[PDB]
Every structure is written in C-alpha cells, then in structure tokens.
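*Asks:* Have a look at this one before I ask anything.
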Ligand SMILES: Nc1nc2c(ncn2[C@@H]2O[C@H](COP(=O)(O)OP(=O)(O)O)[C@@H](O)[C@H]2O)c(=O)[nH]1
Ligand SMILES: [Mg+2]
C-alpha cells in the first residue's frame with residue numbers, strides 16, 4: 001500500500017510535467033513555423049518588387065539603345 | 001487497556017468531534033478551562049479513558065484535530081469548549097482537499113500525514129495502556145474521507161495490535177454538498193472494511209429524515225443533524241466512560257459485536273428522540289424507551305431492520321429506572337420478535353445500565369445493532385456510484401491526482417462483496 005501511494009503521487013507529477021512539457025514545445029514549434037511563414041511571405045513580396053526594379057532598368061536601357 | 005486516542009478529520013469530523021467533547025465534558029463535570037466542577041464520584045473514576053491529567057489540576061481531551069484547510073478548526077478554537085483542546089494537537093494544512101478523496105489520500109493529505117502521526121505518537125507514548133483509536137470523519141468529502149482513511153492505514157502499520165473504531169458519516173443526496181460523494185464514500189468504505197475493527201454508520205439520510213418526519217424541523221441544518229450525532233455518540237461510549245456492572249473497552253466491544261471480521265458496521269439508535277430548544281417534560285416509561293430504541297424511525301442509519309436480522313445488539317439504558325423492568329422489557333422485545341435475531345448466536349442481545357442520564361433527560365436508551373440490513377446503506381451508495389461510474393462522469397477530478405479507474409473498479413467490487421456477505425447471513 002505505501003508502494004502504491006508513492007506510485008500515485010509520482011504518476012501525478014509525471015503527467016503534470018508532461019503537460020507543461022508538451023505545452024512548451026507545441027508553442028515553440030508554432031512560433032517558429034509562424035516566423036518562417038511570415039518571413040517567406042514578405043521575402044516573396046520583396047522579390048516581386050525587385051523584379052519591377054530590374055524590369056525598369058531594362059526599359060531605360062531599351063530607350064537609350066534606340067540610338 | 002485504559003486510554004483511547006481520539007482523532008477528528010475534516011469539516012464534518014471536526015464539527016461532530018467538537019460537539020462530542022462539549023457533551024461528554026458536561027457529563028463528566030469538566031468545564032471549558034479544564035476544571036472539574038461536578039458532584040459525583042462516577043464522573044471521575046474512568047475519566048482517563050478520554051482525558052489526560054495535567055498537574056493543573058486540569059483535564060485535557062486526548063484529542064487530535066486534523067484538517068487540510070484552517071476554517072473549521074479556527075471555528076472549533078473560538079467555539080464553546082474551544083480552549084480545552086491541547087493547542088499542539090491542532091494539525092492543519094492550507095490548501096484544502098476540494099471534496100476529493102484522491103487529494104486527501106494521495107496528494108494533499110500525504111503532505112500532512114507525518115506531522116499528524118507525530119502528534120499521535122506523543123499521545124500514545126504518554127499512555128499507561130492504550131486501547132486504540134476513535135476517528136470521527138465523513139466519507140463524502142476529501143479530508144475526513146481520503147486523508148482520514150490514509151491516517152487509519154498508517155495508524156494500523158505503526159500500532160497493529162490496537163483497536164481502530166470510527167464514527168463514519170455516510171453521504172446522502174438529501175443533504176449533499178457535491179455530486180462526487182458516492183465516489184468518495186465507496187473509496188472510503190473499501191478502506192474501512194479492511195482497516196477498522198468497528199464502525200458506527202452515521203447516515204445523513206437517517207439524520208435528515210428524523211429531523212424532518214419526527215422532530216418536525218421543516219428545514220434541518222448541520223447543527224440539527226449534529227444534535228442527533230452527539231447524543232448517539234455519548235450513548236454508545238457510556239460503558240467505556242462510566243463504571244458499571246459491565247466494564248467495557250474497545251476490544252471487548254469488538255469481540256462481542258463482530259462475529260466475522262468484515263461485518264463490523266454498526267447501526268446505532270437513540271431514544272427518546274429530541275431536538276435542541278423545544279424539549280419534552282413528559283417522562284418516558286421503560287416499555288416506551290424499549291419500543292422506541294428498536295423502532296426504524298430511531299435508527300441513525302437509513303435501513304429497515306425488518307429487511308434483515310440482528311447478529312448482535314448492545315443496548316444501554318441511562319437514568320434511575322428499574323433494572324428488573326429493563327431486563328423484562330428487553331427480554332420481552334426479543335421473545336416477541338425472535339425471527340429478527342439470528343438463532344445461531346445465543347444471548348446475542350446484551351443490556352447495560354448507567355445511573356447518570358444525559359443532559360436534559362430523566363432517562364434514555366442507546367442502541368448498537370450489528371444487523372444484516374445495513375447492506376441497504378451500502379447498496380444505495382453502490383447504485384449512486386454506478387450511475388456516474390458507468391459513464392466515467394466526474395472522474396477527471398481523480399485521474400488528475402494520479403489515480404486510475406482500476407482503483408474505482410476494485411473499491412466497487414469490494415463494497416459489492418460486503419453486501420452479498422451480509423445477504424449470506426440473513427438467510428441462515
Ligand atoms: N452530519 C453532518 N454531516 C456533515 C457535516 N459537515 C459536512 N457534512 C457532510 O460531510 C460530507 C462532506 O464532507 P466534509 O467533511 O465537509 O469534507 P472534508 O472537510 O473534505 O472532510 C457531505 O456528505 C456532507 O453532507 C456536519 O457538520 N454534520
Ligand atoms: Mg464541506
């Protein structure tokens with residue numbers, strides 16, 4: 001019976017610790033995945049605008065190389 | 001075998017406990033400060049059963065007060081006989097048990113139990129010859145129930161040759177705090193069956209019904225319930241506390257009342273039934289006492305005595321009356337109802353007399369029955385347990401403290417075994 005009592009409280013501590021642990025890691029994976037996703041959304045937007053700067057260089061080139 | 005050590009656990013345990021000490025101190029001539037101011041020698045001859053003698057010359061209850069919350073015990077300390085208790089015997093935590101047997105037995109209670117056992121040890125060491133222990137608690141909450149039964153198991157380990165006696169308050173939907181009471185009671189009954197020698201089943205259903213049907217109190221409080229409990233408790237311990245023609249202790253009670261070790265759950269009764277305040281002036285005759293003490297309506301456990309058989313009965317009559325007429329009436333009621341008493345235990349009804357009546361009465365009768373009808377109480381709790389347990393309702397309160405459902409299944413099976421073990425002796 002004293003053995004069983006020890007096992008119950010130890011089970012309680014373990015499940016509580018597991019909950020804290022799973023909560024900490026799930027949040028870390030979500031915040032990382034989110035930061036990455038947002039960064040990739042902005043990086044794609046900037047790349048599109050970079051192509052617009054590159055295309056405008058081609059247009060000003062094309063005008064001068066008419067002569 | 002002289003000294004009894006008294007323990008009261010949790011809200012109910014401490015409230016009925018404080019009332020018991022108020023009542024028995026009054027009966028023994030002891031006042032709130034611990035001073036004897038009575039006029040009978042019978043008051044002092046066996047006072048060592050319950051009281052320690054400080055050089056004072058003061059009388060100190062051999063009582064340990066236990067709770068996981070401070071509230072109820074602060075209330076005891078500022079209550080009528082509050083100052084009489086040894087302040088070192090107040091052992092309390094802060095967190096409470098949330099009506100949860102697992103908190104009391106496994107988590108919160110576990111944290112406090114060692115310091116209670118330290119106080120138990122100090123009292124036990126100061127005993128000439130310790131009889132054993134009496135615990136007051138309810139089975140429906142968390143502390144009295146989970147922690148109380150934890151204490152019992154730890155007391156048994158350290159003192160396996162002492163008697164363990166409980167006054168155990170059974171929950172009822174009629175006077176209910178939480179839906180989880182049947183869980184807490186079933187877990188607790190499992191413990192009581194294994195680790196007590198004798199248990200008074202104080203049924204809140206019966207106390208309610210007596211207050212309502214008999215005492216005509218339309219809305220009973222805990223205070224009204226406890227009036228009945230303390231009168232019963234005074235009555236059942238009379239022969240431990242006073243010198244008489246039969247001089248009893250906890251072991252002799254157990255030997256003579258318990259024919260099979262698991263069947264140790266007693267149905268107590270009292271007559272005349274009274275309330276606080278409005279009390280009768282009309283004196284009772286010995287035939288009226290005897291008739292009333294055996295009536296279903298006077299039992300503190302809500303079971304019908306006619307739906308079973310008495311294995312053993314102890315009856316105690318208090319007041320100046322004819323012992324001849326007592327013997328005649330007791331014999332009369334047996335001889336006229338002998339199908340309700342098992343015929344294979346000769347002389348299974350025993351009577352004792354004490355001259356000192358309780359406060360406010362000229363005469364009274366207290367009943368202690370070991371009846372197979374007590375199975376009705378356990379069946380009722382079992383039905384309530386199963387109604388929830390079949391859907392695992394409310395179980396997360398217990399699994400959150402590290403318990404498994406297996407432990408519920410096991411306690412249910414053991415309580416059902418107890419029930420069919422009663423049914424076994426009701427036929428033969
Ligand atoms: N007869 C009686 N029953 C009580 C009293 N206080 C609480 N109860 C009952 O006890 C059960 C709840 O247990 P309680 O002792 O309050 O919880 P604990 O402090 O965790 O042990 C319920 O079945 C209540 O009906 C009381 O003073 N008298
Ligand atoms: Mg309570």
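*Asks:* The conditions are (1) more than 16 Å from ligand 2 (Cβ to nearest atom); (2) within 14 Å of chain A (Cβ to nearest Cβ); (3) over 23 Å from residue B:241 (Cβ atoms), and residue B:109 fails exactly one of them. Which is it?
*Replies:* The one condition residue B:109 does not meet is (1).
*Asks:* Here is a further query. So, in the range B:138-191, how many residues would count as being more than 17 Å from residue B:14 (Cα to Cα), within 15 Å of ligand 1 (Cβ to nearest atom) and more than 14 Å from chain A (Cβ to nearest Cβ)?
*Replies:* 16
*Asks:* Among the listed residues B:410, B:383, B:328, which satisfies the condition of being assigned to a helix (DSSP H, G or I), within 14 Å of chain A (Cβ to nearest Cβ) and surrounded by fewer than 17 Cβ atoms within 10 Å (Cβ to Cβ)? Steps first, answer last, please.
*Replies:* Working: B:383 fails: within 14 Å of chain A (Cβ to nearest Cβ); B:328 fails: within 14 Å of chain A (Cβ to nearest Cβ).
After ruling out the rest, the residue left standing is B:410.
*Asks:* If you don't mind, another one. Being crowded, with 16+ Cβ neighbours inside 10 Å, within 16 Å of ligand 1 (Cβ to nearest atom), in the same structural domain as residue B:185 (by CATH) and more than 23 Å from residue B:249 (Cβ to Cβ), is that true of even one residue in the range B:22-31?
*Replies:* yes
*Asks:* When both residues are 6+ apart or on different chains and their Cβ atoms are under 6 Å apart, which pairs have a first residue that lies in the range B:214-228 and is more than 14 Å from chain A (Cβ to nearest Cβ), and a second that is within 14 Å of ligand 2 (Cβ to nearest atom)?
*Replies:* From residues that are more than 14 Å from chain A (Cβ to nearest Cβ), the pairs are B:226/B:16.
*Asks:* Something else now. Please go through the range B:81-119 and pick out each residue that is farther than 30 Å from residue A:11 by Cα and either touching a strand residue (DSSP E or B) at 6+ places or on another chain (Cβ under 7 Å) or surrounded by 14 or more Cβ atoms within 10 Å (Cβ to Cβ) (or both). Step through it out loud before you land on a result.
*Replies:* Taking the range B:81-119 and keeping what is farther than 30 Å from residue A:11 by Cα, we get B:81-90.
B:81, B:82, B:84, B:85, B:86, B:89, B:90, listed by residue number.
*Asks:* Go over the candidates B:49, B:66, B:91 one by one and state the one that is away from ligand 2 (no atom under 16 Å from the Cβ), in contact with a helix residue (DSSP H, G or I) (Cβ under 6 Å, 6 or more places away or on another chain) and closer than 21 Å to residue B:199 by Cβ.
*Replies:* Just a single option satisfies the conditions, and that option is B:49.
*Asks:* Moving on. Among the residues in the range B:237-247, are any near ligand 1 (Cβ under 10 Å from one of its atoms) and at negative phi? Steps first, please.
*Replies:* Start the filter on the range B:237-247 by keeping residues that are near ligand 1 (Cβ under 10 Å from one of its atoms), which leaves none.
The answer is no; no qualifying residue exists.
*Asks:* Restricting to the range B:133-166, what's the tally of residues that are part of a strand (DSSP E or B) and either more than 13 Å from ligand 2 (Cβ to nearest atom) or in the same structural domain as residue B:397 (by CATH) (or both)? Can you show your working first?
*Replies:* Initially, the range B:133-166 is screened for residues part of a strand (DSSP E or B), giving B:133-138, B:163-166.
From what's left, either more than 13 Å from ligand 2 (Cβ to nearest atom) or in the same structural domain as residue B:397 (by CATH) (or both): B:133-136, B:163-166.
Number of matching residues: 8.
*Asks:* Can you tell which of B:193, B:175, B:229, B:169 is surrounded by fewer than 24 Cβ atoms within 10 Å (Cβ to Cβ), in the same structural domain as residue B:22 (by CATH) and within 16 Å of ligand 2 (Cβ to nearest atom)? So that I can check it myself, show each step before the final result.
*Replies:* Values: B:193 fails: within 16 Å of ligand 2 (Cβ to nearest atom); B:229 fails: surrounded by fewer than 24 Cβ atoms within 10 Å (Cβ to Cβ); B:169 fails: surrounded by fewer than 24 Cβ atoms within 10 Å (Cβ to Cβ).
On inspection, the qualifying residue turns out to be B:175.
*Asks:* Here's something else I'd like to know. Within the range B:199-268, which helices (runs of 4 or more DSSP H) (wholly inside it) include 3 or more residues that are closer than 23 Å to residue B:18 by Cα? Walk me through it before giving the result.
*Replies:* Details: elements: B:204-209, B:222-241, B:250-257.
Of the helices (runs of 4 or more DSSP H) lying wholly inside the range B:199-268, those with at least 3 residues that are closer than 23 Å to residue B:18 by Cα span B:204-209, B:222-241.
*Asks:* Does the range B:388-406 hold any residues that are assigned to a helix (DSSP H, G or I), surrounded by fewer than 17 Cβ atoms within 10 Å (Cβ to Cβ) and in contact (Cβ under 8 Å) with a residue 24 or more places away in the chain, and which are they?
*Replies:* B:388
*Asks:* Taking residue B:40 as meeting all but one of (1) in contact (Cβ under 8 Å) with a residue 40 or more places away in the chain; (2) over 30 Å from residue B:143 (Cα atoms); (3) in contact with a strand residue (DSSP E or B) (Cβ under 7 Å, 6 or more places away or on another chain), write down the number of the exception.
*Replies:* (3)
*Asks:* Somewhere in the range B:125-132, is a residue in the same structural domain as residue B:171 (by CATH), touching a residue at least 40 places away in the same chain (Cβ under 8 Å), touching a strand residue (DSSP E or B) at 6+ places or on another chain (Cβ under 8 Å) and on the phi > 0 side of the Ramachandran plot? If you could, list the steps in order and put the result at the bottom.
*Replies:* Taking the range B:125-132 as the starting set, the residues that turn out to be in the same structural domain as residue B:171 (by CATH) are B:125-132.
From what is left, the residues that are touching a residue at least 40 places away in the same chain (Cβ under 8 Å) are B:126-132.
In the following step, the residues that additionally are touching a strand residue (DSSP E or B) at 6+ places or on another chain (Cβ under 8 Å) were identified as B:126-132.
So of that shortlist, the ones also on the phi > 0 side of the Ramachandran plot come out as B:132.
Among the residues of the range B:125-132, at least one is in the same structural domain as residue B:171 (by CATH), touching a residue at least 40 places away in the same chain (Cβ under 8 Å), touching a strand residue (DSSP E or B) at 6+ places or on another chain (Cβ under 8 Å) and on the phi > 0 side of the Ramachandran plot, which makes the answer yes.
*Asks:* List the number of the failed condition for residue B:70; all other conditions in (1) under 30 Å from residue B:396 (Cα atoms); (2) free of Cβ contacts under 8 Å to residues at least 24 places away in the same chain; (3) within 16 Å of ligand 1 (Cβ to nearest atom) hold.
*Replies:* The failed condition is (2).
*Asks:* Residue B:77 fails exactly one of the following numbered conditions: (1) touching a strand residue (DSSP E or B) at 6+ places or on another chain (Cβ under 9 Å); (2) buried (at least 20 other Cβ atoms within 10 Å of the Cβ); (3) more than 14 Å from chain A (Cβ to nearest Cβ). What is the number of that condition?
*Replies:* Of everything listed in (1) touching a strand residue (DSSP E or B) at 6+ places or on another chain (Cβ under 9 Å); (2) buried (at least 20 other Cβ atoms within 10 Å of the Cβ); (3) more than 14 Å from chain A (Cβ to nearest Cβ), residue B:77 misses just condition (2).
Using ideal geometry, Cβ is built from the backbone for each residue, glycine included, and neighbour counts are taken over all protein chains shown. What is reported rests on the model, the rules as stated and the sources as named; no laboratory read-out is quoted.
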